[PDB]
Each structure stands twice: as structure tokens, then as C-alpha cells.
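First comes the structure, then the notes that go with it.
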Amino acid sequence: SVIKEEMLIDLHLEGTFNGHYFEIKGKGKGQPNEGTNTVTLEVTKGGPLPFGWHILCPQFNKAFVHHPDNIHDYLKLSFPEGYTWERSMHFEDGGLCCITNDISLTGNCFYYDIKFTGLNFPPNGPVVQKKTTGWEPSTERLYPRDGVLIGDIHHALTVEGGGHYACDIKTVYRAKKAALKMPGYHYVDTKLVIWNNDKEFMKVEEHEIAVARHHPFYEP
Amino acid sequence: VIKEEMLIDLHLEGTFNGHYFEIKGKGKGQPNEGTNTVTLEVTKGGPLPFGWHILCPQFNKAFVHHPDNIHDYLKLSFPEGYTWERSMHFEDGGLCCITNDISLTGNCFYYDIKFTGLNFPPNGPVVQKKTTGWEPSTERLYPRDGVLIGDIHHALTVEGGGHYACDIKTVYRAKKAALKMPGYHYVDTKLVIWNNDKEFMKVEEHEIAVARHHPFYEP
Amino acid sequence: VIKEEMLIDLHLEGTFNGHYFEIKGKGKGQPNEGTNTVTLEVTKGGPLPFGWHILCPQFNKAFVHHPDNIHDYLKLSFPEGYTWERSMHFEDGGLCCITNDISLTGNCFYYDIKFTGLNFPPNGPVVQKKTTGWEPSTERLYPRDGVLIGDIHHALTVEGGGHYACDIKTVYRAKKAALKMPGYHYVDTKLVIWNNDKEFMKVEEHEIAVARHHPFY
Amino acid sequence: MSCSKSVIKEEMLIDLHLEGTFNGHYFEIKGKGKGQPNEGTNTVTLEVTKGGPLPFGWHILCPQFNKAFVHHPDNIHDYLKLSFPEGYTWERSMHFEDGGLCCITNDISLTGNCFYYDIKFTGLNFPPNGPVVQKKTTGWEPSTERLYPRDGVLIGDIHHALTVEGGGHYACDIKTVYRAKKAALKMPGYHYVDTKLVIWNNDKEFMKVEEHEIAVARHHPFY
Ligand code: NA
Ligand code: NA
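Protein chains in written order, with the entry's author numbering: chain C, 6 to 65, 69 to 228; chain D, 7 to 65, 69 to 228; chain B, 7 to 65, 69 to 226; chain A, 1 to 65, 69 to 226.
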């Protein structure tokens with residue numbers, strides 16, 4: 006297909022957090038069938054950010073998920089046209105993020121047009137206080153509805169001094185052109201880590217590994 | 007810097023269930039009368055693949074009549090201005106996240122609005138364009154951490170009669186730290202569509218709003 | 007069915023973060039005046055390991074003053090009675106789920122209240138007993154499917170000042186189908202603790218409540 | 001050697017009582033069963049004793065009818084097994100995609116090899132044309148709960164779903180907080196429990212139901 010074993014990534018993010026505007030540019034490269042990708046980000050406006058980097062990490069494309077042959081790959085099949093996703097993240101202390109990405113492809117490069125709004129984060133929370141230290145690995149549960157895919161994750165940031173900061177993530181993925189088939193109820197396991205950052209997190213390199221699977225007790 | 011009649015300039019950039027759209031608008035208000043009227047034009051992504059009315063509240070509580078005994082945090086944020094950030098959770102799973110950065114140059118307010126609407130079901134009143142307007146509302150407001158938090162249990166009216174409920178939280182942030190803060194109080198709002206074209210590409214709407222204490226409030 | 011002064015007999019069974027408790031009380035009210043007083047005694051699992059105030063609203070909107078132009082769904086449910094079911098989502102993740110089945114025998118209302126309080130954090134104002142009361146409230150109510158839905162953006166006051174916010178939804182179900190429903194409207198309520206002992210084992214509380222349309226109706 | 005050491009046996013019995021309301025409708029259910037705590041399996045048979053035939057689909061009740072019956076590898080601390088003989092309580096919310104909300108608690112105690120469940124159920128705000136009231140639910144998908152320790156208690160969250168008649172799913176976000184009655188000595192870390200619950204038998208009107216659960220604890224696959 007148009008999905009190659011190695012593909013490039015060009016990212017743009019415009020965001021507001023507790024009313025503070027910022028922009029981030031990035032570029033990267035991934036291995037869609039291997040389920041891996043690495044991106045490098047640079048804050049281009051509104052930096053250094055007045056909140057912890059890590060809530061941004063999942064915003065910086070589940071086309072980079074390894075799919076076994078018996079799970080239809082809705083997102084890879086959305087190309088060349090592409091797809092959009094829309095995400096809410098409700099945090100245990102009332103913080104809420106609402107994020108969208110419009111993903112396009114030109115040549116062998118994905119283009120991400122990301123819009124981020126973070127709101128109602130308390131001033132003494134781990135995000136504003138920059139106390140988040142990364143994400144645990146996660147397992148997203150996905151199911152088809154109305155020709156789109158809905159994924160929900162019970163996820164958590166790790167916090168300095170040990171401990172977790174829990175979040176409920178919902179993502180809806182919409183192929184720009186009608187899918188001809190849909191996967192069933194399934195999961196994606198993901199692990200995202202920061203490889204590199206400057207002290208101020210103005211420049212960050214991060215890596216994601218992701219694999220789709222059925223539940224271990226699944227039956228067709 | 008707040009005058010008896012002021013101008014409104016606005017831009018909304020938005021996404022609804024992945025569909026990108028832009029709206030611009032202009033109008034005028036009477037900040038102390040608690041009234042304002044805006045006219046909006048869809049400039050990009052029209053005609054909208056959803057009912058108009060969810061956008062109405064997005065198109069400045071500086072246009073609220075305040076009595077002398079309720080401190081006016083938002084009017085008092087100017088010249089510097091304020092930002093607001095709002096979530097709207099609808100009874101059917103639909104969610105909107107909206108922001109506005111309000112500035113003032115001359116006697117004209119500028120709204121830089123960003124709208125995200127997500128997870129709206131295809132057969133709900135929004136996508137099916139079955140919303141017919143808003144009920145009037147009552148927002149409960151309280152101070153916290155030098156900012157203002159307001160919550161509404163609102164509802165849109167729907168064609169065949171009946172309501173489509175929503176829970177709205179707005180956080181209002183002055184750009185310069187406030188000297189004083191208001192207490193626990195309420196804003197009554199009534200928003201109406203004065204006119205629109207068939208396809209809702211141009212809409213005229215009017216807002217009347219008044220701040221008050223609870224009827225059983227004791228100083 | 008409804009008289010100018012009516013008695014209240016109530017029982018509450020509940021758990022809060024796993025801790026079982028029971029409360030019994032009684033009182034009286036003036037359904038048309040929109041007032042009622044109740045006196046409660048913790049009969050089981052006291053002193054409660056959490057602040058009293060989250061329970062206050064659980065201890069009958071038949072005691073709301075309705076003007077001539079707002080159909081009184083809840084008074085008109087009697088003699089058969091009604092049930093309500095309520096959720097309270099607090100800003101720190103605490104959640105209460107409460108039901109009440111209200112019946113009428115003679116002059117006296119009987120409340121059978123079931124309370125579950127879950128996920129309240131240890132350092133929050135409820136567990137720490139830092140709640141000092143409720144603000145007055147405004148419930149928005151609308152009819153659907155022959156039942157009444159009410160929502161409140163409420164708040165408890167907290168020691169030292171400031172508030173602890175809660176979102177309350179109540180669904181009120183008449184036991185016999187209603188041949189008349191009210192429209193979109195509001196109830197204004199004020200609830201006060203009138204007296205308590207040091208450990209809140211015995212509490213008296215008063216409630217005034219009035220229904221109305223929005224001011225710009 | 002002491003009595004407390006062998007409180008979890010290879011085979012345990014279950015005796016349960018559930019009292020609940022659904023959209024104001026009162027009902028009671030009793031049940032008995034047995035399980036194999038170390039194998040991660042149990043089976044229970046329920047009978048509706050009051051307020052039946054229920055005016056809603058059975059399946060929302062299934063997870064209410069004890070994660071002591073979860074297979075744990077040696078490297079995941081078994082908080083719930085170790086809460087015994089004292090036992091533990093759990094408290095759960097289930098927020099459904101159409102606004103329906105269930106709040107459920109269970110106080111679990113143990114005598115001999117029999118667990119006793121005292122279950123309290125509240126189901127509210129379920130729409131009249133939703134799949135629960137319409138009895139359109141047909142069972143649960145298998146699930147994966149994410150668990151983490153907090154303040155000496157265990158918190159688990161599931162993004163779960165009921166299957167419904169036409170094909171399709173009815174999604175739910177489940178939170179459970181598990182509280183040992185006696186303060187734990189050690190806590191597990193961030194981990195998962197995979198569960199599959201199925202109906203094994205039922206009568207027409209679901210007045211009597213046999214259901215079976217298998218559950219296994221594990222770390223994330225990439226762990
Ligand atoms: Na809410
Ligand atoms: Na949730």
C-alpha cells in the first residue's frame with residue numbers, strides 16, 4: 006500500500022493550557038508495521054511551558073501500531089486520504105484536555121495538525137507543578153461504532169516521589185473516507201518514553217511502541 | 007476603560023466531530039445594561055454539518074449587569090483582559106471544549122475563540138440539526154485561586170418539544186491578578202436568535218445577562 | 007392527601023468508603039409553605055468517620074412551595090407516593106449515590122433512604138470533617154418520559170473559607186403515572202444545621218424551598 | 001500452622017445476598033457458589049427472591065455477584084487474598100455511555116471456607132429506551148482492569164462493554180475501590196486483571212442464573 010515500512014512524520018501543535026498559548030513543531034520517523042515511532046519536538050511559541058511536558062506526549069497517530077493479520081487495520085487503511093482523531097483526557101483532579109489531530113499524508117510523510125486545549129488544572133496539581141515524570145505503559149480498549157473507532161484508556165502519569173496521577177482517555181478515530189470493513193472489539197498496548205530532553209523541555213525526543221491484539225480470552 | 011457602549015470583533019476556529027470550520031463575527035454591547043448583539047458569518051467549512059445552537063454561548070461576561078454589591082472581576086480585568094476555558098458535557102456523551110482569549114483595543118473587544126466538539130452521536134439533536142435554541146440559564150459562580158469558576162445546568166430546546174441537557178463549566182482568568190474577588194453568586198442569562206438565513210451561514214443573536222445573589226442569601 | 011402540616015419519619019442506611027452506618031430521624035413540615043425541620047440520631051456506626059453535611063440533602070421536595078402556575082408533580086404523586094434517585098459528584102472524585110422511597114400513611118411521610126459514598130480521598134474535606142454547611146442552591150428541573158429531572162451545581166462551605174463543589178442530579182419518579190407535567194423551571198433551597206452535638210450524633214436541620222420559573226421567563 | 005495461614009483454600013464456597021433498586025424498582029437476589037481462588041475461577045447460581053421478573057436486563061448485575072478469585076503470579080502481591088480472615092469491602096461506580104449510573108458495594112467476610120457477600124446495588128438514570136431497560140444486553144465482553152495502589156487501598160478502572168442484541172456494544176467506565184478491613188503489609192504496584200464472565204445457564208425470565216468468571220492478574224505485556 007501507501008503505508009511503507011519506514012515513514013516520516015511532520016507535526017504541528019497549537020495549544021492553550023489554563024489560558025496560556027503555545028506552539029510546538031516536530032519531526033520524526035516510524036516503522037508502521039513494526040509499531041514504533043520517534044519524534045523530536047521544539048516549543049516554538051509560549052515556552053518554556055508553565056506546566057509539565059508529559060500530558061502532551063500522547064498528542065504527538070495509531071497508524072504506527074503493529075496489527076496482526078486477524079485485526080483489520082482501520083487507520084492504515086484510511087490512507088492515502090487519512091483520518092482525524094478527537095480525544096478527551098479527564099484527570100483525577102479535574103484537569104481536562106481536549107485534543108484533535110487531522111492526519112494527512114504526502115509522499116512518505118504524515119502531517120499532523122494538532123489542536124490542544126488543557127483546562128481546569130489546579131495550581132497545586134502535578135501538571136502545573138511539573139511533578140509528572142512520564143507515563144506508565146497503557147492498554148487502550150477499542151470497538152467500532154457507526155463506521156468509526158472508539159478507544160478508551162485508563163492511564164496514569166507517574167509522579168515525582170512515586171505515585172500515579174490517573175486519567176481517563178477517550179479517543180474517537182474517523183477515517184476521512186468510509187471504511188470498507190471495521191475491526192472488532194480489541195486492544196492496543198502502548199509504551200511511550202522520553203529519550204531526551206533539555207532541562208527546560210523546550211526540545212524533547214520521545215519514542216512510542218504500540219501493538220494491537222485481542223483480549224487474551226477472546227473468541228471469534 | 008469600560009464604556010456604556012462597546013464594539014465586538016470575533017473569530018472562531020473550530021472542529022466538530024473532525025470537521026473543521028471557521029466563523030467570524032461583529033457586533034455591539036452595553037456592558038452595564040448586560041446586553042449584547044452579534045452577527046456571525048460562517049467563513050470556512052459551511053454549511054455546518056451540525057445544529058448551530060451549541061456555538062451560541064461561545065460567541069464575554071463583561072457584558073453582565075452587575076449590582077453595586079457584587080464585585081465585577083471581568084470588567085475589572087481590562088485593559089489587560091481575560092481568558093476563559095469552557096467544557097460542555099451533553100447528556101448523550103457529546104463534549105465541547107472551548108476557549109476564548111478576550112482583549113481590548115480602543116473600544117472594541119476581540120474574541121479569539123477555539124472550539125472542539127467531539128463524540129457527538131450521529132442520531133443526536135446536534136448532528137441531526139434538531140436543536141431550536143437555548144432555555145434561559147442560571148450560572149453558579151465562586152472564586153478559587155484568584156480565578157472565577159462558573160457552572161451551568163443548561164438545556165437546548167429540541168424540535169418536537171423536549172430538552173437536550175448539558176453541564177457547562179467555565180473558568181474565567183484575568184491576565185493581571187485581581188485586587189478583590191466576588192463571592193458565591195449567580196448570573197442569569199437569556200440568549201436568543203434574532204435572525205438567520207436558511208442554511209445558518211449568517212446568524213444574528215442577542216444576549217441579556219444579570220448577576221445576582223441567591224434569593225435566600227444573607228450577607 | 008397533603009395537609010398544611012405533616013410529619014416526617016425517616017430511616018437512612020448507608021456506607022461511606024466501606025463504613026456502614028444508620029441514621030433515624032423525624033420531623034414535620036408545611037408542604038405549601040415550603041419548609042421542614044428534621045431531627046436525626048446516628049443509631050449505628052457513629053461517630054461518623056466523615057463530615058455530616060454530605061448527608062443533609064438526603065434527609069422530599071413535596072416540601073417545596075409551588076405557585077399556581079407550576080404543576081406540582083411531587084405533591085400530586087400522593088397518596089401513592091414517589092421515589093427519588095440521586096448522584097452527587099464532588100470535585101475531588103468523591104461520589105454519592107442515594108435513593109429515597111417516600112410513602113404516605115395518614116399525616117406522616119416515611120422516607121426509606123439508601124446512601125453509598127465512595128472514592129472520597131483521605132485528605133479531602135469530607136473525610137477530614139472540614140465541611141461547615143451548604144450554600145443555598147438552585148436546582149434546574151425539566152420533565153422527561155413522565156419523570157422529573159433536577160440538576161444542581163451545589164457547594165459545601167469549608168473551614169478556613171472557600172468551597173467544595175458538587176454536581177447533583179436527582180430523578181424523581183411518581184409511582185402512579187402523572188396526567189400533568191410541569192415545564193422547565195427551578196427550585197431555590199436553603200439548608201441550615203440548627204443544632205448538633207460535638208460529634209454530630211444528634212442533628213437538627215431546617216430547609217426552605219420554593220419553585221419558580223427563570224427570572225427572564 | 002496457625003488457623004489464619006490456611007484461610008484461603010483450593011476450593012471456597014460463596015453465599016451472597018444482593019439488595020438493590022433500579023430506576024426506583026426494589027429487588028433482592030440471593031446466591032450460592034464455589035470457586036478456586038488460586039486457579040482464578042468461580043461459579044455462582046443466583047435466584048431473584050424479591051421484585052422479579054426484573055424490569056431490566058440481567059447482565060449489569062453480573063460483575064456485582069470478589070477479586071479474591073483472581074490468579075496471581077508470585078510476583079504480584081495479592082492484596083485481596085491477604086485481607087483475609089478479616090476480609091475487605093469494595094465500592095464501585097459504573098458510568099454507562101447513555102447516562103445510566105450504578106453504584107454498588109460489597110462487604111466480604113469469611114467463615115470456614117465460605118465467603119459471604121453483602122451486596123448493595125443502586126442503578127439510576129437509565130433511559131427507558133436504552134438496552135438495559137429494554138433487555139437488549141446479551142453478556143459482557145472479556146475485560147482488562149488497570150489497578151494501582153493509593154493510600155493502602157487498591158483502585159481498579161475498566162473500560163468495559165456489554166454486548167447488545169443487534170450486534171454492537173454498550174460501553175461503561177467502571178471504577179472499583181478495594182479496601183482491606185485490616186491495613187495491608189505490602190501493596191502491589193501498577194498492574195492489570197484480565198477477566199471473562201459468562202452466563203452458563205438461565206431460565207427464560209432470568210429468575211435463576213448460573214454464571215462463571217475466570218480472572219488472572221498480570222503486568223503490562225511490555226513490562
Ligand atoms: Na457534571
Ligand atoms: Na469516565
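No residue lacks a Cβ here, since even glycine has one placed at the ideal position from N, Cα and C.
Go ahead and label residue i buried or exposed: buried means 16 or more other beta carbons lie within 10 angstroms of its beta carbon, across all protein chains shown.
i: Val201(C); result: exposed
i: residue 283(D); result: Coverage of chain D is limited to positions 7 through 228, which leaves residue 283(D) absent and any answer about it impossible.
i: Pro228(C); result: exposed
i: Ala186(C); result: exposed
i: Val212(D); result: buried
i: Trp203(B); result: exposed
i: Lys70(C); result: buried
i: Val7(D); result: exposed
i: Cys62(C); result: buried
i: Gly169(A); result: exposed
i: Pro76(B); result: exposed
i: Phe124(A); result: buried
i: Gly159(A); result: buried
i: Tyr82(C); result: buried
i: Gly115(D); result: exposed
i: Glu208(B); result: exposed
i: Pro224(C); result: exposed
Any idea what DSSP makes of residue i, helix, strand or coil?
i: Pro224(A); result: coil
i: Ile107(B); result: strand
i: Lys123(A); result: strand
i: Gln137(B); result: coil
i: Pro63(D); result: helix
i: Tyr91(A); result: strand
i: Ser2(A); result: coil
i: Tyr26(C); result: strand
i: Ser86(B); result: coil
Can you list, in chain order, the residues of its chain whose CB lies under 7 Å from that of residue i, leaving out five sequence neighbours each side?
i: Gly40(C); result: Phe72, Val73, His74, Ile217, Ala218, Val219
i: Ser112(D); result: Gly90, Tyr119
i: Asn23(B); result: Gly126, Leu127, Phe129
i: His80(C); result: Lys189, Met190, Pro191
i: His25(C); result: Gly51, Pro55
Excluding sequence positions up to five away, which residues of its chain have a Cβ less than 6 Å from the Cβ of residue i?
i: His222(B); result: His194
i: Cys117(D); result: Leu13, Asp15
i: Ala174(D); result: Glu100, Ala164
i: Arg95(A); result: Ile107, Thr179
i: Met97(D); result: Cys105, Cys175, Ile177
i: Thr92(C); result: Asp110, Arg182
i: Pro145(A); result: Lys199
i: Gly52(C); result: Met210
i: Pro134(A); result: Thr140, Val167, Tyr173
i: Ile29(C); result: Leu18, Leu46, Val48
i: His215(A); result: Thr43, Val201, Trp203
i: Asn205(B); result: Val212
Taking residue i and residue j to be in contact with their CB atoms under 8 Å, please state how far apart those CB atoms are, rounded to whole angstroms.
i: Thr147(C); j: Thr198(A); result: Wrong, their Cβ atoms sit about 13 Å apart, outside the cutoff.
i: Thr21(B); j: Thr108(A); result: 5 Å
i: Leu150(B); j: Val196(B); result: 6 Å
i: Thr140(A); j: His17(A); result: Not a contact, Cβ separation roughly 23 Å.
i: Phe27(C); j: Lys50(C); result: 6 Å
i: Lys5(A); j: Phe56(A); result: Actually they are not in contact, since the Cβ atoms of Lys5(A) and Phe56(A) sit about 43 Å apart, beyond 8 Å.
i: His162(B); j: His162(D); result: 6 Å
For residue i, which residues from the same chain have a beta carbon less than 8 Å from its beta carbon, with the 5 sequence-adjacent residues on both sides left out?
i: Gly155(B); result: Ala183, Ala186, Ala187, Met190
Mind the definition here: the region 122-130 of chain D touches the region 91-108 of chain D only if three or more C-beta pairs lie below 8 Å; say whether that holds. yes
Are the region 42-54 of chain A and the region 14-33 of chain A touching, with three or more C-beta to C-beta distances below 8 Å? yes
Is there contact here, the region 84-95 of chain C with the region 173-184 of chain C, by at least three beta-carbon pairs under 8 Å? yes
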